[PDB]
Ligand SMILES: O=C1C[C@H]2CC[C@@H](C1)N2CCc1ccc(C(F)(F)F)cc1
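Here you get one chain, nothing else, as structure tokens; it is the form solved without this ligand.
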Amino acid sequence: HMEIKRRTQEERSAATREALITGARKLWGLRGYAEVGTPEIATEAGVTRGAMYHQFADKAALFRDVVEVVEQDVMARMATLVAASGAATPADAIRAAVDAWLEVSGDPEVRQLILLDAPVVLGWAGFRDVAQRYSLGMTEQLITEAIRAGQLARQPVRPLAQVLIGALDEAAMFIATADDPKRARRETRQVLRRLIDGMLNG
């Protein structure tokens, strides 16, 4: 008897939540978390303050869901760029994935939300857990494929993956906080080329 009512209220709640996340991603992406209040976000999203209260305990809870949706888009955008790269070998896929990370992390919205705001708002523990949840699988599979092809030494995948994600996250943070980010991106790309080319047999 009550399944349509329950599903209807679920769908309405989901639509409200999506509008708030979409609004918050847009305004915080342009001005930064510190500079935009939840009332402006509720106005942008076309929802009441009570609808906001119902969905999110507080401003940081809304930000935690923004980061989830952005990280899903970052991982999808990176997969698209590697897929489109023309990579002939697992080693070339790895190089395409590093290039994709510098391109996607360079998007001004990703820079603001993931590299500048997220470490501050989530705290160090929260940021590291999100980055590993989204990126460890892709990174490990790229390593497994290169090992299978004899382009990387046979070794435990997890330690290498975690160390490389540490290096790549700090590379992107360096570019994000540079006052001349075009020069920083060149210099950082050049470092990562030497690091990756030092490890790959191909």
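One rule holds for the numbers: they count along the sequence shown, beginning at 1.
The same protein has a further form, the form solved in complex with this ligand, not shown here; the description that follows concerns it.
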Query raised in the report: Looking at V36, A51, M138, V157, which is the one with a non-hydrogen atom within 4.5 Å of this ligand in the deposited bound form?
Result: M138
Report summary line: Residue within 4.5 Å of this ligand in the deposited bound form by heavy atom, from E44, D169, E145, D65, is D169
Query raised in the report: Using heavy atoms and a 4.5 Å limit, would one call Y134 a contact residue for this ligand in the deposited bound form?
Result: yes
**Report entry** Close approach of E71 to this ligand in the deposited bound form, 4.5 Å, heavy atom
**Finding:** yes
Report task. Tell me, yes or no, whether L81 is in contact with this ligand in the deposited bound form, where a contact means a heavy atom of each within 4.5 Å. Result -> no
Query raised in the report: Any chance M75 has a heavy atom within 4.5 Å of this ligand in the deposited bound form?
Result: yes
Requested in this report: Tell me whether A24, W28 and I175, taken together, all sit within 4.5 Å of this ligand in the deposited bound form, counting heavy atoms only.
Outcome: no
Report summary line: In sequence order, the residues of 114 to 133 that place a heavy atom within 4.5 Å of this ligand in the deposited bound form are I114, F127, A131
